[PDB]
Amino acid sequence: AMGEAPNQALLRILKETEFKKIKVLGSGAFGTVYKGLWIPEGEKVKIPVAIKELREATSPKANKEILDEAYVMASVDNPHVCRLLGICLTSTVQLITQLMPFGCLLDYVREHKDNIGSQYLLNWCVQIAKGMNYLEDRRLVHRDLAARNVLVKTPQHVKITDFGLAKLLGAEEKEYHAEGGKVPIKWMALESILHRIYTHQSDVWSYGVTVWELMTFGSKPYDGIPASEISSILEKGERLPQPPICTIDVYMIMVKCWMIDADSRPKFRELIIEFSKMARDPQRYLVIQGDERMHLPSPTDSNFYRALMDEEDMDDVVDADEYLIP
Ligand SMILES: C[C@@H](Nc1ncnc2ccc(-c3cnc(Cl)c(NS(C)(=O)=O)c3)cc12)c1ccccc1
Ligand SMILES: [Cl-]
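Residues numbered from 1 in each chain as written, not as in the entry; some residues may be left out. Chains lettered and ligands numbered in written order. Heavy atoms only, no water.

## A few points about the domain arrangement of the protein
How large an interface is tends to be reported as the accessible area lost when its parts come together.
Next up, step 1: When its domains are assigned, the protein resolves into domain 1 (8-99) and domain 2 (100-297).
Next up, step 2: Look at where the C-alpha atoms of domain 1 and domain 2 centre, and you get two points 26 Å apart.
Next up, step 3: Between domain 1 and domain 2, the residue contacts involve 14 residues of the former and 20 residues of the latter.
Next up, step 4: Summed over both partners, the interface of domain 1 with domain 2 buries about 1600 Å², with 62% contributed by carbon and sulfur atoms.
Next up, step 5: Of all residues in domain 1, the largest losses of buried area upon contact with domain 2 belong to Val-72, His-80 and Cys-82, amounting jointly to 36% of the total for that side. (Domains from an automatic or database assignment. Contact = heavy atoms within 4.5 Å. Buried area = accessible area lost by both parts, 1.4 Å probe.)

Set out below in structure tokens:
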């Protein structure tokens, strides 16, 4: 190739009849997300899936956007990023992915804030940095990293999702340059707000905000502040406050993610190293009341699988990460 390398990802087209036990997880204006089982024909496996569709097929912009999302999700393969299993070409286009049964990490940290210890928080920071370093290696800028877009496979294992705003940087390209559209201002780097510049280092800013969401057990960044004021606040040099549990070691890493010079911010590879060091002595880096005694569900637990799956299905249930095709 003269430009970037050829994208040889396989897009699997999935028959509607391979999907069973469809139940709504959530809805909005644009569309609906369901849980279900995918039973590829004659394989003897049942795969828990999330299924996303648009409500209607009457917005060229929306149809193009969901197929752009499918293109990005089909093109990724890393343990800390969610991959597309395939698409179903019903009246609506439907995107199919591995079910993450504990939901998004934002709601998880809110719902379980009294049972989340320092080891879980630092390990999640490592895992998100690994996922984002992989996306950087693939020249993807995510543009919507937030705790709402990190999903929980198990309490021990999280993955980045929601590639609806993601963009591929060309071979020698350094910055994406957008125009218009809905934007999550409270996670954006200042250069993204001012000048629509997006880079891996603008995702590092959003990672800093994501870590702040986790460390405050899912607090809203800049709560009560209107979106239109955020650029002015940031230009004055204001930033999100130090979370109560954070040592200066942890908070300084967040503050470095929010520096004006994007190239002075940490790289994702460095964030992996620093959070990994801290995860080896987590109580030196986060101060949580009662931390020593805390525990969360593990795949070893009796009703771990039974909580999700019906017992009628469980003999042939396979997690999609173990369902591998050539
Ligand atoms: C975007 C992404 N979403 C998922 N991918 C995988 N597993 C999911 C599992 C659950 C959920 C989930 C969805 N809505 C709500 Cl309201 C909740 N509730 S909670 C627990 O409070 O967060 C969980 C989403 C999932 C996807 C990409 C492509 C296709 C299909 C879904
Ligand atoms: Cl919220």
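## Digging into the layout of surface pockets
Next up, step 1: Estimates place the volume of the second largest pocket at around 600 Å³.
Next up, step 2: Lining the second largest pocket we find 24 residues, and of these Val-76, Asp-77, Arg-83, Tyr-323 and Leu-324 sit closest to its centre.
Next up, step 3: Looking at the lining of the second largest pocket residue by residue, the classes come out as 14 nonpolar, four polar and six charged.
Next up, step 4: Per-domain counts for the lining of the second largest pocket show at least three residues from each of domain 1 (8-99) and domain 2 (100-297). (1 Å grid on protein atoms, 1.4 Å probe; cavity = no way out; pocket = protein on both sides within 12 Å on 5 of 7 lines; lining within 4 Å. Points joined across faces, edges and corners; volume = space filled by probe spheres on them. Nonpolar A, V, L, I, M, F, W, Y, C, P; charged D, E, K, R; others polar.)

## Considering the packing of aromatic side chains
Next up, step 1: For the structure on display, the rule yields nine aromatic pairs.
Next up, step 2: Plain terms: the ring middles of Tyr-120 and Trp-124 are 5.9 Å apart, the flat faces sit at 65 degrees to each other, and that makes the pair edge-to-face. Of this pair, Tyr-120 and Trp-124 both sit in helix α3 (residues 118-137), four residues apart, which is roughly one turn of that helix.
Next up, step 3: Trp-124 gets classed as buried once you look at its relative accessible area, which sits at 1%.
Next up, step 4: Centroid distance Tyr-176 to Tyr-198: 6.4 Å. Interplanar angle 45 degrees. Geometry classified as tilted. With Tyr-176 in strand β10 (residues 176-177) and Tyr-198 in strand β11 (residues 197-198), this pair connects stretches of sequence that are 22 residues apart. (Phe/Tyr/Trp six-rings, centres within 6.5 Å; stacked < 30°, edge-to-face > 60°. Helix = DSSP H or I, 4+ residues; strand = E, 2+ residues; numbered from the N terminus. Buried < 20%, exposed > 50% of the residue type's maximum accessible area, 1.4 Å probe, protein only.)

## Section: the UniProt feature "active site" in the protein
Next up, step 1: Per the UniProt record, the feature "active site" sits at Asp-144.
Next up, step 2: For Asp-144, a relative accessible area of 11% translates into the label buried.
Next up, step 3: Beyond its immediate chain neighbours, meaning those up to four positions away, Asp-144 contacts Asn-149, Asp-162, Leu-165 and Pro-184. (UniProt positions renumbered as here; feature names shortened; annotations may be inferred.)

## A word on the site of ligand 1
Next up, step 1: Looking at ligand 1, there are 16 residues lining it, with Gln-98, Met-100, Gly-103, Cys-104 and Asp-107 nearest.
Next up, step 2: Contacts to ligand 1 include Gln-98, whose backbone N or O atom sits 3.5 Å from a nitrogen atom.
Next up, step 3: Elements represented by at least two residues in the shell around ligand 1 include exactly β3 (47-54) and β5 (93-98).
Next up, step 4: Each of domain 1 (8-99) and domain 2 (100-297) contributes no fewer than three residues to the shell around ligand 1. (Near = heavy atom within 4 Å. Polar contact = N/O pair within 3.5 Å; in protein donor to acceptor, adjacent residues only side chain to side chain.)

## Let's talk about the packing of helix α5 (residues 200-215) against helix α7 (residues 248-257)
Next up, step 1: As a packed pair, α5 and α7 sit with axes 7 Å apart at the nearest point and diverge in direction by 145 degrees. The handedness of the crossing between α5 and α7 comes out as left-handed. The segment α5 lies against α7, with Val-204, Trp-205, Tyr-207, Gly-208, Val-211, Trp-212 and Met-215 engaging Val-250, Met-254 and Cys-257.
Next up, step 2: A breakdown of the residues in the contact of α5 with α7 according to their chemical character gives nine nonpolar, one polar and no charged. (Axes fitted to C-alpha atoms, helices over the stretch in contact; angles between N-to-C directions. Left-handed = near helix turned anticlockwise from the far one by under 90°.)

## Let's talk about the environment of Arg-293
Next up, step 1: Relative to the helices and strands, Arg-293 is located in the loop between α8 (268-279) and α9 (304-308).
Next up, step 2: Between the alpha carbons of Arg-293 and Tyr-323 there is a distance of 36 Å; along the sequence they are 30 residues apart.

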